[PDB]
Structure formats: C-alpha cells, structure tokens
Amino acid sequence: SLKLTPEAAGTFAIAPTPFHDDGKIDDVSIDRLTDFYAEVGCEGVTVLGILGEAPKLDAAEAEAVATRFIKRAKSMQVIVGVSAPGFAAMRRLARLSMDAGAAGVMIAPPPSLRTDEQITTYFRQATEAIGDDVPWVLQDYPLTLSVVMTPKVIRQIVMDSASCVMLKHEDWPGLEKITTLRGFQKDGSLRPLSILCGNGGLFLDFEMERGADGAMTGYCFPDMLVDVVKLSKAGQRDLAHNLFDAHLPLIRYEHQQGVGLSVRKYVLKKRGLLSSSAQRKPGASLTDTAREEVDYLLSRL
C-alpha cells in the first residue's frame, strides 16, 4: 500500500509474465516468482510492459496479471508498466493498478518523439492522463525506444511533474548521465529522484559507483545482483566487481534482443520458478545449441 518515493533503492526485479505452453497465464508461477523475489532481498517488482510481454495480452489479462503480482508482493513495492499507444488505455491501467495496491507506474515515450519540445510535452500529457497523484517512473531506454533524452530534458520532465519519483536509467552509454543528474541535485536544480539502472545490467558495476540507487533488472539471477548492489553501497569495490564479473558472461548473453526473453524464461524454469518457459507469439525458444551454451555459462557460475 506504500507509494513509490524518490528514496526507492536496492534491487527491483522485472518480472516476466509466466505462461504455459497453450499460452494461458500461469498464476501459480506468478506467486512462486513473487515469493522468490521477496525471499532473496528484492525491494520491488516491475510488471507488464515489454519484458512482461504485455503487448501479447488483452486488456483483461494485463489487469489480472498486474493484480496478481500486486496482491502477492505484500512486503514489496510493485511498479506497473503503463506505456501505451493512447492515454485512455494508460489511464485505465494506471488507476486500476493503483486501486489494486501498486506503488506506482512506469511510462516510456512513444518511439516517434524527437525534439525535446515533443518529449516534455508528451509527459505533461501523460501525467495529466494518469493523474498528478500517481507516482511514476520515467523509462529512458534509447536502444529499444529510439528516443534520446538529455540530462536537462530529464530534469525538466521531473521538475514539470508533481509525481515523477524515479528514472529507470537504461541509456547506453549512460554513465556520465548519472553523474550529470546527481550534479543537478547538488546544485539544487533537481529535486530528490531515485535512479535504478537497466539495459540488462550491462554496466551495473560502474553505475553504482556513479551514484545510482540500485537496479531494476530482468536478469535471471536478481538474487545475485542484490549482492552486487549491496557490495557496491558498502564501498567494497573489488568484491562488488568480482561478483559482477562472474555474472557478466551470462548477463551479456541474456542481453540480446529477442533471445533475451528466451534465455530468462529458460533459466527461471531451470531454477524451478516457472512451470514452463513458454512465451506467446511472436516469440521463439532457444535452439538446442543456445541452451547448451547457456548451460555452460551457468556451470561456470
């Protein structure tokens, strides 16, 4: 029932939507995944959106999935991705999620926005749609969304809003962006803002050093990134980097467009969290060889 705040930190797991082979939602696995995240020290869970294959679900299914996760994660803050082609759908899912118990929602910009004018305007319209009372997360992921946001544009989006409390940092290269944003806070031009990093965790080791508050990861070993985040906050540089480096081979293997979801679901099933590694169409599973390669990386971990 707690609203997301700018002080959010630690590790937020990005949850895939569990499916059986026929494509039906696997609720048992949703609960199992949720219990797992809590058990290993995750502070929150992000649901739906692209990684949760939300585009492959119908309106009613998306609401049910988001609700299942929200009700199960009683001790964690759940963030629901509400990015949509239009504001009506966004408002519906956002309000529903909040009434259900969500901590807040995540909003990514449409892929067509180019000028900084179009970017800031979109988000003002977006917040007007979901309501200024809804805590939200700004997703900055140029690699897949095309849109590029400068630190100054991000600062404007946040300060123009009543409730943007977090930035899901996925810019690549994006290390300097973190430093710049923290600098704005130091000079007083930017208010409190949580910065959780993504982009498959490819730069989590240095992102923590730059000043990120934690990670919002879809990595199949969120339990181990919990330690990377902890070690980093503890100033144990060598220990943090040693653990990160041990996971980097698998982190980068999973960090492949399309194949990434197949890798995640394959491992989560192998870990006993998912009953099936199935995805809904469009989506292809790992080849026998890719599975062996993933197994090899797992064996070295």
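From 1 onward, residues are counted along the sequence shown.
Averaged over Cα atoms, the B-factor as recorded in the entry is higher for 84-92 than for the other of 154-162 and 84-92. The stretch 281-289 shows the higher mean C-alpha B-factor when 7-15 is compared against 281-289 in the entry. The top Cα temperature factor in the record, among 235, 44, 41, 258, falls on 258. Across 275, 34, 242, 262, the greatest Cα temperature factor reported in the deposited entry is at 275. Compared with the other modelled residues of the chain, the Cα B-factor recorded for residue 294 ranks in the lowest third. Looking at the C-alpha B-factors along this chain, the one for residue 248 belongs to the lowest third. Residue-level temperature factors show residue 191 in the middle third of its chain, judged at the C-alpha atom.
Compared with the other modelled residues of the chain, the Cα B-factor recorded for residue 28 ranks in the highest third. Among the modelled residues of the chain, residue 70 sits in the middle third by CA temperature factor in this PDB entry.
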